[PDB]
Protein chains: 2
Amino acid sequence: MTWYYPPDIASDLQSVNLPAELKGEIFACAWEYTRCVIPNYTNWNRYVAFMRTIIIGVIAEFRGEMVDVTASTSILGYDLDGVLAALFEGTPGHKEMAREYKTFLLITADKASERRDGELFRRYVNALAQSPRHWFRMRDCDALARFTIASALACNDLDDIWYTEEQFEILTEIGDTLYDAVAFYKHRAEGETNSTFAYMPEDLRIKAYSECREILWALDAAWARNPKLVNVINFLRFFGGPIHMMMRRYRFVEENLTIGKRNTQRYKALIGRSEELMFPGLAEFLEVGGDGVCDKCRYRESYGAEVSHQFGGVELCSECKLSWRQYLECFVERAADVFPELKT
Amino acid sequence: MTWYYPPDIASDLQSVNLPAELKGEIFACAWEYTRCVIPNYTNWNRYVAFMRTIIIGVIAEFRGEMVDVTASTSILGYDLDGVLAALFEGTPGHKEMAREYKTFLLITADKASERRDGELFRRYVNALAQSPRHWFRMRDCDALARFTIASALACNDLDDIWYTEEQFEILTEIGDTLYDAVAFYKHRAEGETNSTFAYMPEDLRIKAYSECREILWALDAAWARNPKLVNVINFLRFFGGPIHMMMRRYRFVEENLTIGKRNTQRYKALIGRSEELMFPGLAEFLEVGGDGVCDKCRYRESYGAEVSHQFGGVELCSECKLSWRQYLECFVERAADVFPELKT
Ligand SMILES: [Zn+2]
Ligand SMILES: [Zn+2]
């Protein structure tokens, strides 16, 4: 197995205790991901800064104990704030994107470690299920979807382009619905907490892909001859399933070129650091939703024990399933309301 | 069904006898294809010129009688030489890319019409099977692979970038092998003449995808921080299977988000117009290979009668299968010989 990546990152992770062959595979993963979801760039330095955010994120998912965003010490030989500044300085969402990424590192590492049985992760998983709109916002951060939209703009020196909160909500809902519709079978086999059709109706998965893809084509056509905005469309289009064919980390080849088959002290200290570590509104999502808002849904005391061939989070009750069904079934009108260019 | 495409092409095909709903679908097809395989552009006018070459090509595949490149009259309300000049003027391969495209229109229309039982198509199909290297060169033109590499450079105002013949041969072999490995089952059901694994061994299809994809990653890494060359890589990567998920013309949604389940007078007149209508070397390919070079392979008197659930071209004999196997099995070394950056 031979790993391909630019030499700029070949001497990263100095004194990180992983074998050289594993660092090679991580660097390859970062480069492949970056080339797939930000396929164009003008700013090599920002591109490499993005690659390093993906390096850290891959290790956080693999061995959560290795990545502690709560500690002031270097992350994996990097200066996290420095890397984020190299990526985002002079761009409209720098401060919010640092919060987005640190949230992703906090939750991801907690999940890929012994902290998975902890109170932060327990409240996170409960808060995912409090409403379909909360789900899409939290899934966004978990997938770095708006982070990567922001990164795609930054990496093309588009330092003036930005979206409202509601616009990001719809753009990431498109990207995340597309990805999660395709990642469905993998996610179910692995006992995933963060998979859209663990919550949304299975009998609308195919239609959801089809509608998200069509609205993405309609947006693309409505943004024609502003080639700035193609970096946003391209992200959603290549992220939204196609990465399963392009990245060696997925199993397209292995499946024969087929697709388809209570101590609350740390938690309170982290809520206290919400402006630093949590995306805007997450502290309220965790405080309001962390114990489970609905008396009929099935919560668990902990989400650490890893289940298989079923989703590992909250099980929605009948009434919640219907509300989530109804939210999915008005996707087009929710999209058209924030992107009125779709009305025509 | 709603069609999305830029308004620049909305009034194309004036006085072309197709219903408005079908023109809409063609315009959508052209826009979707263009956005998928040339996902970045700087030159809107060249981008629209490319879209129009795809408009003409889609109609040529659908109703070959509607598109005659041999006649001096307008093609479908366009001036073909004008569109090609808008796309390619000032670029290194303008003259050769006009020949590439006119070949594609000649063969495609012949195939999608009554001329499919004709001597040109009979000699074309025989010439496909004369050697594996001939196959990849002819498949390239049939897929507009080097045409689209050239177009991807042009559409990004990269007017100085070019490849040797041998480099184009390997780049298109990568793109065409990737696409044909994925399009395998569709191609077989339709009785396709132009499908790589109708000729190359079925038992190497999975490995061929895997090796082409890896060499494409190795090239990508070897071309790092020359962001010019990402337009070439991106073409091959998105063309090489991912379009099956992104373009509404494919059936990803319809399959539930799954992948995997003798009058020689005209012929002699066209050989006489080879500098105009045929890519460099095709006239020799047709003259030398048109009657079938191997006495053991199975040729047909005509390839017009359309077969189903099997390939519709030449059936290679034992000895030819082995030579084709051996050519496929030395892909990496053939690639490394023309792109020595891969040696490291
Ligand atoms: Zn409930
Ligand atoms: Zn033979």
# chains A, B, ... in the order shown; residues from 1 in each chain; ligands from 1
$ residues_near_ligand --ligand "ligand 2" --cutoff "12 Å" --atoms "only C-alpha atoms and all ligand atoms" --output "number ranges by chain"
B: 126, 129-132, 199, 292-299, 314-324
$ write_last_selection --atoms "N, CA and C atoms" --output "PDB file, in the first residue's frame"
ATOM      1  N   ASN B 126     -14.439  -2.823 -36.569  1.00  0.00           N
ATOM      2  CA  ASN B 126     -13.363  -3.816 -36.798  1.00  0.00           C
ATOM      3  C   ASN B 126     -12.057  -3.192 -36.300  1.00  0.00           C
ATOM      4  N   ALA B 129     -10.748  -3.246 -32.646  1.00  0.00           N
ATOM      5  CA  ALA B 129     -10.278  -4.539 -32.089  1.00  0.00           C
ATOM      6  C   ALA B 129      -8.882  -4.894 -32.630  1.00  0.00           C
ATOM      7  N   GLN B 130      -8.225  -4.019 -33.393  1.00  0.00           N
ATOM      8  CA  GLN B 130      -6.938  -4.404 -34.027  1.00  0.00           C
ATOM      9  C   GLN B 130      -5.797  -4.434 -32.994  1.00  0.00           C
ATOM     10  N   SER B 131      -5.871  -3.656 -31.931  1.00  0.00           N
ATOM     11  CA  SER B 131      -4.908  -3.738 -30.796  1.00  0.00           C
ATOM     12  C   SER B 131      -5.456  -2.959 -29.607  1.00  0.00           C
ATOM     13  N   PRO B 132      -5.010  -3.281 -28.368  1.00  0.00           N
ATOM     14  CA  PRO B 132      -5.469  -2.575 -27.176  1.00  0.00           C
ATOM     15  C   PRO B 132      -5.114  -1.080 -27.200  1.00  0.00           C
ATOM     16  N   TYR B 199     -13.579  -6.129 -24.303  1.00  0.00           N
ATOM     17  CA  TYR B 199     -12.341  -6.538 -24.996  1.00  0.00           C
ATOM     18  C   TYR B 199     -11.333  -6.984 -23.949  1.00  0.00           C
ATOM     19  N   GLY B 292     -10.561  -6.335 -40.330  1.00  0.00           N
ATOM     20  CA  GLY B 292     -10.164  -7.269 -39.270  1.00  0.00           C
ATOM     21  C   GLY B 292      -8.812  -7.872 -39.566  1.00  0.00           C
ATOM     22  N   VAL B 293      -7.775  -7.467 -38.846  1.00  0.00           N
ATOM     23  CA  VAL B 293      -6.358  -7.899 -39.048  1.00  0.00           C
ATOM     24  C   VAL B 293      -6.159  -9.375 -38.643  1.00  0.00           C
ATOM     25  N   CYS B 294      -6.925  -9.920 -37.702  1.00  0.00           N
ATOM     26  CA  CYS B 294      -6.701 -11.286 -37.144  1.00  0.00           C
ATOM     27  C   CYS B 294      -7.704 -12.275 -37.754  1.00  0.00           C
ATOM     28  N   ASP B 295      -7.227 -13.399 -38.294  1.00  0.00           N
ATOM     29  CA  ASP B 295      -8.064 -14.436 -38.960  1.00  0.00           C
ATOM     30  C   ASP B 295      -8.828 -15.292 -37.938  1.00  0.00           C
ATOM     31  N   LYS B 296      -8.553 -15.141 -36.645  1.00  0.00           N
ATOM     32  CA  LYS B 296      -9.153 -16.000 -35.601  1.00  0.00           C
ATOM     33  C   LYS B 296     -10.239 -15.232 -34.845  1.00  0.00           C
ATOM     34  N   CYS B 297     -10.153 -13.903 -34.767  1.00  0.00           N
ATOM     35  CA  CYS B 297     -11.200 -13.070 -34.116  1.00  0.00           C
ATOM     36  C   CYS B 297     -12.517 -13.220 -34.884  1.00  0.00           C
ATOM     37  N   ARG B 298     -13.645 -12.942 -34.244  1.00  0.00           N
ATOM     38  CA  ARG B 298     -14.976 -13.029 -34.900  1.00  0.00           C
ATOM     39  C   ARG B 298     -15.436 -11.614 -35.266  1.00  0.00           C
ATOM     40  N   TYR B 299     -15.386 -11.299 -36.556  1.00  0.00           N
ATOM     41  CA  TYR B 299     -15.971 -10.070 -37.141  1.00  0.00           C
ATOM     42  C   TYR B 299     -17.411 -10.392 -37.557  1.00  0.00           C
ATOM     43  N   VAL B 314     -16.498  -6.723 -32.181  1.00  0.00           N
ATOM     44  CA  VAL B 314     -15.605  -7.875 -32.469  1.00  0.00           C
ATOM     45  C   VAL B 314     -15.475  -8.720 -31.198  1.00  0.00           C
ATOM     46  N   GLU B 315     -15.474 -10.037 -31.371  1.00  0.00           N
ATOM     47  CA  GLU B 315     -15.164 -11.022 -30.315  1.00  0.00           C
ATOM     48  C   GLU B 315     -13.710 -11.466 -30.478  1.00  0.00           C
ATOM     49  N   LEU B 316     -12.856 -11.116 -29.523  1.00  0.00           N
ATOM     50  CA  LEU B 316     -11.421 -11.443 -29.605  1.00  0.00           C
ATOM     51  C   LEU B 316     -11.232 -12.955 -29.483  1.00  0.00           C
ATOM     52  N   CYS B 317     -10.299 -13.506 -30.256  1.00  0.00           N
ATOM     53  CA  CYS B 317      -9.828 -14.902 -30.138  1.00  0.00           C
ATOM     54  C   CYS B 317      -8.948 -15.029 -28.888  1.00  0.00           C
ATOM     55  N   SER B 318      -8.609 -16.264 -28.518  1.00  0.00           N
ATOM     56  CA  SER B 318      -7.715 -16.604 -27.375  1.00  0.00           C
ATOM     57  C   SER B 318      -6.438 -15.779 -27.374  1.00  0.00           C
ATOM     58  N   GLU B 319      -5.708 -15.806 -28.480  1.00  0.00           N
ATOM     59  CA  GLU B 319      -4.381 -15.158 -28.587  1.00  0.00           C
ATOM     60  C   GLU B 319      -4.525 -13.639 -28.438  1.00  0.00           C
ATOM     61  N   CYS B 320      -5.558 -13.042 -29.024  1.00  0.00           N
ATOM     62  CA  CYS B 320      -5.787 -11.576 -28.913  1.00  0.00           C
ATOM     63  C   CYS B 320      -6.167 -11.262 -27.453  1.00  0.00           C
ATOM     64  N   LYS B 321      -7.022 -12.058 -26.818  1.00  0.00           N
ATOM     65  CA  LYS B 321      -7.370 -11.826 -25.406  1.00  0.00           C
ATOM     66  C   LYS B 321      -6.089 -11.712 -24.565  1.00  0.00           C
ATOM     67  N   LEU B 322      -5.133 -12.626 -24.760  1.00  0.00           N
ATOM     68  CA  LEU B 322      -3.881 -12.661 -23.977  1.00  0.00           C
ATOM     69  C   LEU B 322      -3.074 -11.385 -24.226  1.00  0.00           C
ATOM     70  N   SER B 323      -2.909 -10.951 -25.477  1.00  0.00           N
ATOM     71  CA  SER B 323      -2.155  -9.708 -25.800  1.00  0.00           C
ATOM     72  C   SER B 323      -2.829  -8.514 -25.123  1.00  0.00           C
ATOM     73  N   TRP B 324      -4.142  -8.469 -25.191  1.00  0.00           N
ATOM     74  CA  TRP B 324      -4.917  -7.388 -24.545  1.00  0.00           C
ATOM     75  C   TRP B 324      -4.740  -7.512 -23.034  1.00  0.00           C
TER      76      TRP B 324
END
$ interface_residues --of "chain A" --to "chain B" --cutoff "6 Å" --atoms "only C-alpha atoms" --output "compact mmCIF listing (two decimals) with C-alpha atoms, in the first residue's frame"
# COMPACT_ATOMS: atom_id res chain seq x y z
CA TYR A 4 0.32 9.91 -2.05
CA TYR A 5 0.24 13.45 -0.55
CA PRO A 6 2.19 16.71 -1.02
CA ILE A 206 -34.15 7.75 -2.08
CA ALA A 218 -31.39 24.44 -9.60
CA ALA A 221 -28.21 27.04 -12.69
CA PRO A 242 -19.29 10.93 -5.02
CA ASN A 256 -16.34 -4.77 -6.60
CA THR A 258 -20.67 -1.39 -6.18
CA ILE A 259 -22.59 1.07 -3.92
CA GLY A 260 -25.42 -0.32 -1.68
$ closest_residue --among "B:119, B:284, B:169, B:100" --to "residue B:267" --atoms "only C-alpha atoms"
B:119
$ decode --residues "stretch 22-35 of chain B" --atoms "N, CA, C and O atoms" --output "CSV table (one decimal), in the first residue's frame"
chain,number,residue,atom,x,y,z
B,22,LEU,N,-38.1,18.4,-24.9
B,22,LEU,CA,-36.9,17.6,-25.2
B,22,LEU,C,-35.7,18.5,-25.3
B,22,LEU,O,-34.6,18.2,-24.9
B,23,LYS,N,-35.8,19.7,-25.9
B,23,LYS,CA,-34.7,20.7,-26.0
B,23,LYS,C,-34.3,21.0,-24.6
B,23,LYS,O,-33.1,21.0,-24.3
B,24,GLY,N,-35.3,21.3,-23.7
B,24,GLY,CA,-35.0,21.5,-22.2
B,24,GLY,C,-34.2,20.4,-21.6
B,24,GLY,O,-33.1,20.8,-21.0
B,25,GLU,N,-34.5,19.2,-21.9
B,25,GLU,CA,-33.8,18.0,-21.3
B,25,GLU,C,-32.4,18.0,-21.9
B,25,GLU,O,-31.4,17.7,-21.2
B,26,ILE,N,-32.2,18.2,-23.2
B,26,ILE,CA,-30.9,18.3,-23.9
B,26,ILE,C,-30.0,19.4,-23.2
B,26,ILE,O,-28.8,19.1,-22.9
B,27,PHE,N,-30.6,20.6,-23.1
B,27,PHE,CA,-29.9,21.8,-22.5
B,27,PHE,C,-29.4,21.4,-21.1
B,27,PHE,O,-28.3,21.7,-20.7
B,28,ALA,N,-30.3,20.7,-20.3
B,28,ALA,CA,-30.0,20.3,-18.9
B,28,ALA,C,-28.8,19.3,-19.0
B,28,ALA,O,-27.8,19.4,-18.2
B,29,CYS,N,-28.9,18.3,-19.8
B,29,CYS,CA,-27.9,17.3,-20.0
B,29,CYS,C,-26.5,18.0,-20.3
B,29,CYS,O,-25.5,17.6,-19.7
B,30,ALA,N,-26.5,18.9,-21.2
B,30,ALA,CA,-25.3,19.7,-21.6
B,30,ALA,C,-24.7,20.4,-20.4
B,30,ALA,O,-23.4,20.4,-20.1
B,31,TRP,N,-25.5,21.1,-19.7
B,31,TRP,CA,-25.1,21.9,-18.5
B,31,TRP,C,-24.6,21.0,-17.4
B,31,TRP,O,-23.5,21.2,-16.9
B,32,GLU,N,-25.3,19.9,-17.1
B,32,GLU,CA,-24.9,18.9,-16.0
B,32,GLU,C,-23.6,18.3,-16.4
B,32,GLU,O,-22.7,18.2,-15.5
B,33,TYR,N,-23.4,17.8,-17.6
B,33,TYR,CA,-22.2,17.1,-18.1
B,33,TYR,C,-21.1,18.1,-17.9
B,33,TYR,O,-20.0,17.8,-17.3
B,34,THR,N,-21.2,19.4,-18.4
B,34,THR,CA,-20.2,20.4,-18.4
B,34,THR,C,-19.8,20.7,-16.9
B,34,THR,O,-18.6,20.8,-16.6
B,35,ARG,N,-20.8,20.9,-16.1
B,35,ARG,CA,-20.5,21.2,-14.6
B,35,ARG,C,-19.7,20.1,-14.0
B,35,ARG,O,-18.9,20.3,-13.0
